[PDB]
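# Residue-level structure breakdown
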Amino acid sequence: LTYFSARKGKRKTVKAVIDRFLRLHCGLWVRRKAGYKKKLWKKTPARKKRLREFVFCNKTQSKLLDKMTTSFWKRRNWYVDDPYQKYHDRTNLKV
Amino acid sequence: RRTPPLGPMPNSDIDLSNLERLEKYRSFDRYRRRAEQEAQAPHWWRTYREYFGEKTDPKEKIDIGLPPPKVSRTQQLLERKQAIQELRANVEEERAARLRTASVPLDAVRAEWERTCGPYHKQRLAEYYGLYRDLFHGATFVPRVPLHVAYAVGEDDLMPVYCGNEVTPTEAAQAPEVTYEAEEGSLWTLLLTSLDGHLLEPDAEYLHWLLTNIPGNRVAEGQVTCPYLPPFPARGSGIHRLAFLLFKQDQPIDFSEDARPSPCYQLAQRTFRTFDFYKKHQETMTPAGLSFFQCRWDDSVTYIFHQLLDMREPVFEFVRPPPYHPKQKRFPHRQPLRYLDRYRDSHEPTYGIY
Amino acid sequence: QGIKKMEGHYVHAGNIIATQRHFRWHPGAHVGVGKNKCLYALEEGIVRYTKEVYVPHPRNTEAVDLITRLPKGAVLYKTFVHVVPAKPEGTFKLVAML
Amino acid sequence: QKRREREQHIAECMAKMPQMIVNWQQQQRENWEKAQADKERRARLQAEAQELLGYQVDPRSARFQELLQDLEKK
Amino acid sequence: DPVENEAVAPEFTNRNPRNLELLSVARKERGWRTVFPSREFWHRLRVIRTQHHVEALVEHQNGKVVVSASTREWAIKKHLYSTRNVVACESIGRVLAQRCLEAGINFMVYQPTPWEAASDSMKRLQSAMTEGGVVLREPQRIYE
Amino acid sequence: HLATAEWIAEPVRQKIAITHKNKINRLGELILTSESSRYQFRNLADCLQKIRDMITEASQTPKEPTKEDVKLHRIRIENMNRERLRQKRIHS
Amino acid sequence: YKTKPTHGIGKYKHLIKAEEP
Amino acid sequence: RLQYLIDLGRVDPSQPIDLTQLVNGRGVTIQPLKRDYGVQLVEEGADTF
Amino acid sequence: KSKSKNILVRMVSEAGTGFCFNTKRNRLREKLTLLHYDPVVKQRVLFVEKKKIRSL
RNA sequence: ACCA
RNA sequence: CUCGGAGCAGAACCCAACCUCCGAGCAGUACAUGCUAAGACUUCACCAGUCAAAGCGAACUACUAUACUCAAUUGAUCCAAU
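Calculation rules
- Residues numbered from 1 in each chain as written, not as in the entry; some residues may be left out.
- Chains lettered and ligands numbered in written order.
- Part of a larger assembly, values for the part shown.
- Heavy atoms only, no water.
- Helix = DSSP H or I, 4+ residues; strand = E, 2+ residues; numbered from the N terminus.
- Rg over C-alpha atoms; globule rule 2.2 N^0.38 Å.
- Buried < 20%, exposed > 50% of the residue type's maximum accessible area, 1.4 Å probe, protein only.
- Contact = heavy atoms within 4.5 Å.
- Areas by Shrake-Rupley, 256 points an atom, 1.4 Å probe, with all protein chains shown as cover.
- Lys, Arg positive; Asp, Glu negative; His and termini not counted.
- Charge placed at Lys NZ, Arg CZ, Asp CG, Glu CD.
- Salt bridge = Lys/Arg side-chain N within 4 Å of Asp/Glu carboxyl O.
- Pairing = 2+ DSSP bridges.
- Buried area = accessible area lost by both parts, 1.4 Å probe.
- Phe/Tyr/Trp six-rings, centres within 6.5 Å; stacked < 30°, edge-to-face > 60°.
- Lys NZ or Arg CZ within 6 Å of the ring centre and 35° of its normal.
- Axes fitted to C-alpha atoms, helices over the stretch in contact; angles between N-to-C directions.
- Polar contact = N/O pair within 3.5 Å; in protein donor to acceptor, adjacent residues only side chain to side chain.
- Nonpolar A, V, L, I, M, F, W, Y, C, P; charged D, E, K, R; others polar.
- Parallel < 35°, antiparallel > 145°, perpendicular 65-115°, else oblique.
- Left-handed = near helix turned anticlockwise from the far one by under 90°.

cryo-EM is the method the PDB entry states for this structure, with the resolution given as 2.4 Å.

### Considering the overall build of chain B
When you go through chain B residue by residue, the secondary structure sums to ten helices and eleven strands. In summary, chain B has a C-alpha radius of gyration of 29 Å against a globular reference of 20 Å for 354 residues, an excess of more than 25%. Dimensions of chain B, computed from C-alpha atoms along their principal axes, come out at roughly 85 × 80 × 50 Å. Classification of the 354 residues of chain B by burial places 47% in the buried group. Restricting the contact set of chain B to residue pairs at least 6 apart, pairs at least 24 apart contribute 72%. Here chain B has roughly 19,300 Å² of accessible surface; of this, 50% comes from carbon and sulfur atoms. Averaged over its 47 positive side-chain charges, chain B has a centre that lies 12 Å from the centre of its 50 negative ones.

### Examining the overall build of chain D
Scanning chain D from terminus to terminus reveals two helices and zero strands. Computed over its C-alpha atoms, the radius of gyration of chain D comes to 24 Å, more than 25% above the 11 Å expected for a compact globule of 74 residues. Counting only C-alpha atoms, chain D reaches 75 × 25 × 20 Å along its principal axes. Expressed as a percentage of its 74 residues, the buried residues of chain D come to 9%. Carbon and sulfur atoms make up 50% of the accessible area of chain D, which totals about 7,300 Å². Charge-centre separation for chain D: the mean point of 15 positive side chains lies 6 Å from the mean point of 13 negative side chains.

### Here's the deal with the pattern of salt bridges
Taken as a whole and assessed by the stated rule, the structure comprises 58 salt bridges over all chains. The salt bridge partner of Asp70 of chain D is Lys73 of chain D, with a shortest N-O separation of 3.8 Å. Of the two residues, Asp70 of chain D and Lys73 of chain D both sit in helix α2 (residues 58–73), three residues apart, roughly one turn of that helix. Judged by relative accessible area, which is 60%, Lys73 of chain D ranks as exposed. Its salt-bridge partner being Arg18 of chain E, residue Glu21 of chain E comes within 3.2 Å of it at the nearest N-O pair. The same class applies to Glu21 of chain E and to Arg18 of chain E, which are both buried.

### Remarks on the pairing of strand β4 (residues 43–55) of chain I
Residues and elements named next belong to chain I. Bridging between strand β1 (residues 6–13) and β4 involves six bridges; their strand directions are antiparallel. Residue pairing for β4: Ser13 is matched across the bridge by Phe47. Adjacent in sequence and paired antiparallel, strand β3 (residues 33–38) and β4 are bridged by four residues, among which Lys42 carries a positive phi angle near 65 degrees.

### Observations regarding the interface of chain E and chain B
Across the contact, 62 residues belong to chain E and 68 residues belong to chain B. Roughly 5,700 Å² is buried in total at the junction of chain E and chain B, and carbon and sulfur atoms are behind 56% of that figure. Linking chain E with chain B are six salt bridges, by the criterion used here. Residues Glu54 of chain B and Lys64 of chain E are paired through a salt bridge, measuring 3.5 Å at the closest nitrogen-oxygen approach.

### Brief notes about the environment of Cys163 of chain B
Looking at the element boundaries, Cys163 of chain B is found in strand β3 (residues 163–166). The exposure class assigned to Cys163 of chain B is buried, which follows from its relative accessible area of 6%. Ignoring anything within four residues of it in the chain, the contact list for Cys163 of chain B reads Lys122, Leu125, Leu290, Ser291 and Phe292 of chain B together with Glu102 and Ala103 of chain E.

### Concerning the arrangement of the chains
Contacts between protein chains span 14 pairs of chains, and they are most numerous for chains B and E. The smallest C-alpha distance separating chain A from chain C is 12 Å, and no contact links them. Contact between chain D and chain F is absent, and the least distance between their C-alpha atoms amounts to 23 Å.

### Observations regarding the packing of aromatic side chains
For any pair of aromatic rings, geometry is given as the distance between the ring centres together with the angle between the planes. Counted according to the given criterion, the structure contains 33 aromatic pairs over all chains. With centroids separated by 5.4 Å and ring planes inclined at 85 degrees, the aromatic side chains of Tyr25 of chain B and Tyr31 of chain B adopt a geometry described as edge-to-face. This pair shows no difference in class: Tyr25 of chain B is buried, exactly as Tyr31 of chain B is. Aromatic pair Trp209 of chain B and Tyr228 of chain B: ring centres 5.8 Å apart, planes at 80 degrees, arrangement edge-to-face. Residue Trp209 of chain B is located in strand β6 (residues 205–215), and its partner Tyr228 of chain B is located in the loop between β7 (223–226) and β8 (240–249); the two are separated by 19 residues in the primary sequence. The pair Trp209 of chain B / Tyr228 of chain B is uniform in exposure class, with both members buried. Positioned above the aromatic ring of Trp42 of chain E is the side chain of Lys28 of chain E, whose terminal nitrogen or guanidinium carbon lies 4.1 Å from the ring centre. The aromatic ring of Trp32 of chain E is capped on one face by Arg39 of chain E, whose charged end is 3.8 Å from the ring centroid.

### Quick notes on the sheet that holds β3 of chain I
All names here are of chain I. Judged by pairing direction, the sheet is antiparallel, and its four strands sit side by side in the order β2-β1-β4-β3 without closing on themselves. The open sheet has two edge strands, β2 (20–26) and β3, and neither has a second partner. Averaged over neighbouring strand pairs, the angle between their axes works out to 45 degrees when direction is ignored. Examined bridge by bridge, β1 and β2 share seven bridges and lie antiparallel to one another. Each residue of the ladder has a partner; that of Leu8, found in β2, is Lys24.

### Thoughts on the interface of chain C and chain G
Between chain C and chain G, the residue contacts involve eight residues of the former and seven residues of the latter. Carbon and sulfur atoms supply 78% of the area that chain C and chain G bury against each other, a total of about 740 Å² over both sides. Inspection of the region where chain C meets chain G yields zero salt bridges. Applying the counting rule to chain C against chain G returns zero residue pairs in polar contact. Residues that form the side of chain C that touches chain G fall into these classes: six nonpolar, no polar and two charged.

### A look at the side chain of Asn11 of chain B
For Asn11 of chain B, the position within the fold is in the segment before α1 (28–40). Residue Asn11 of chain B is classed as buried on the basis of its relative accessible area, which comes to 12%. Within the structure, the side chain of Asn11 of chain B is placed 3.0 Å from the backbone oxygen of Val75 of chain C, a separation counted as a polar contact. Setting aside its immediate chain neighbours within four residues, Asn11 of chain B contacts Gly73, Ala74 and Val75 of chain C together with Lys11 and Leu15 of chain G.

### Points about the packing of helix α5 (residues 106–115) of chain B against helix α3 (residues 86–101) of chain E
Direction vectors running N to C along α5 of chain B and α3 of chain E enclose 60 degrees, while the axes themselves pass 11 Å from each other. Relative to α3 of chain E, the element α5 of chain B is oriented oblique. Our pair here, α5 of chain B against α3 of chain E, has a crossing hand that is right-handed. Here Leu106, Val109, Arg110 and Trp113 of chain B of α5 of chain B come into contact with α3 of chain E, specifically with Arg94, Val95, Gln98 and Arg99 of chain E. Among the residues making up the contact of α5 of chain B with α3 of chain E, the classes are represented as four nonpolar, one polar and three charged.

### With respect to the side chain of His281 of chain B
Residue and element names in this part refer to chain B. Secondary-structure assignment places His281 in helix α9 (residues 274–281). The buried category is assigned to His281, whose relative accessible area is 9%. Beyond its immediate chain neighbours, meaning those up to four positions away, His281 contacts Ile253, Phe255 and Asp258.

Rendered as structure tokens:
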């Protein structure tokens, strides 16, 4: 990671992460499953369907992806017709 | 470590010294029949029967019915054998049976069935429908008096009541035509109770009809202790049992203190408990006949609730338990994105402080 | 592999009760079997294990060939697992007085 | 236009499908009848051997198949 | 001024042992898929064929026989040349179907073995059940 | 009150009273309820759209043979075997 | 289960004749 | 939020309300540099407005 | 690698929807015609093999 | 033909 | 040098060895081996892998079926071809 840039003295975003993961404002990260476009001819429909899910990351990965991205990527956005709009806030979550 | 078995283990009585000599279940059906006999025996290990089978009371079910008829098996067996010989003697019957063109007269079968196995078939059927369980709290009786009940539908049709068939409340708008075989000078009591229709108490019944001190089979001449009120199965409350009970009386009985007014449109007065009713009058009364039908809501039940009973029509729904979900985690690792929909309350977008 | 839910345990519908490579435990009441011989709960309730008489399907040639060679009077037993459902299917509730 | 053009194409291709299916099934049934015929044809050739097994078992079958073909072509 | 007739409990107790089943919402005993026969039914037809007699039963999954018809009954035997040929199997079918309708039983499963399924005697007993109104497939359970 | 309603054609009011008997209370009021929204606007809009649908459906009188539902099949058989036990009068 | 009095209730191979080529 | 701003006197309903009046009443904070294109009027609170 | 029996082939819907799917067939076998469910038209239709995807 |  | 089965490791699970043995880098049937979705398992992480009610579509009256037989029969990302 770049903790301090040579031009701005600022930490930089790892753009590999931006191209693979979605950050919801609540702090969850959403990924695709590895291998969901590979060798479909040998995978069962149950396996193919599992491979097509959008899934959540665990705490360790979330903490890691938070550290590899700057604050811009954690701001609340108000995109029009965002497919994920309802997934940005948590409901009925205890501890 | 080993624990010795608590009793005879399966297959221990099989002598395996002479294995090749022992006979085998050369057939599947042969094995199966022995297996089902084995499944029925009591066992000292845990069984499906222990966990799923109904826990019947150890004491035998008290019999409260009429005594069985006296029959001479010797004379019957002789006459019974004679009749078959005559059938088999005929050459035409042998040919139809051989050519698979013979048939039985169902009307005659039914006619004879009423007098031999009918009573005992009606008892097992009333036991499966749980009438002795509810009406008499487990006490049983064989309905040895064939009871025929029919609701008049239109002008040319009848609707029998039999044992468990379905009659609609419209068909049963008006009292049924009842007939049975009774000797002159005998006294009877006939009641119709809804076992399942009660709208307030789970353990109570509704008295739909009561005729007492009937002379013989002259039902019309019986005292109208409780007037006839058609079944009113509430909507969405399912299928109800409606049971006719024919009681044999030892003597004329006075039911003045249990009579309902005419007309009787108060559900609090029609509240009834057959076990309490019979227990009071068991000493001079004996169950003899049994018929019953099943009844679900139709449009005519609205008229009963609105007009006759002067009330609102109660409507029920079958409500299932809410679906189970594990406790929501802050990080639902590897769950699909719709995991969040399982814990959402509303589908419309929220906005918080904005 | 092995038992995931022992005797007396409360399961929800779907809970895998036991995994196995060969049939050590056979499905009983309200216990489904997956195509890998996975025993799972079909209802919500309590897990039971019992010893029952084993009667194969007449189309299962290998098992049927076994029983046909058994000495008369010999009955096969297997260990079965059941789920005793905890709740009723639903209730009838008053929704209107019209 | 593109939408209409595609819907028309599907309805067009879908108007022929019922005939395409039966024609296909007829050709499946016809081939299936030749599978059984081929089985019976082969079985007869072996029965003619009358269990005269040995070394001259592989070429024996081939020559008789060709011989029957010569008569069929004529 | 509360109307007493409108005193209705919030929950309705229907003790009819067939209510949930007649609504197709009751549990059938699924499972038992390594053993024969299945338990996933409310009622089943069971035919017992012996050396001298033919008996057909309708029983609940709980093991209680609901209705029954056997050639051992004098009512049926007195009209049969033989109590063990196809005609008796077909006759037991016609008799029991009538006793089924009079008992409210309209649906059941029949669980034959492959040889029993193909036999003409059973093939005639089932068509006698079909002609009598009884349907030998049960409606599916309603889960939702 | 469906009967008093005059903005609904008399024939429709008759037909509606039949096909929605279970929504008519003791007093003759047709009652419609929507609770599929957290906004009263959108629940009332659904209530009015039901009224607006009952009328359109009644006036159209569709005679198309709809696909038989599963729950209906059970009733048809149960109904068929109830008119099979229907007897006749001994002396016609 | 081996420590249980019901251990071996599923034994069956002793009831069959040994057929092992 | 609109109703609350009017009830507290921060937006004046007696005159036209556009972006300038909502910003000046501190009712919304607009960030054009973060690609804001204005305010979307959302329905939350419609029953009591 | 040298050994090869089956091949992966593309099966295109004859319904004109553009729906395709892959199946294996013996290399020496003739070109496949199959009746397969087409989701776009929501009914089973004919599919014809068009191209070999790869060798298995 | 044979990049990853 | 990856993956499966057996012993070591006897009975929930797990368990090493340049330890003892045996195997796999496929075939075959389908062409709904279509869609979708509760609840779960999990090779000690992750990645990957697994099983499945209900539902929608189908299929359908006697082991099969909304999840083929089979033990492994296998290869991420980028990129390339389309």
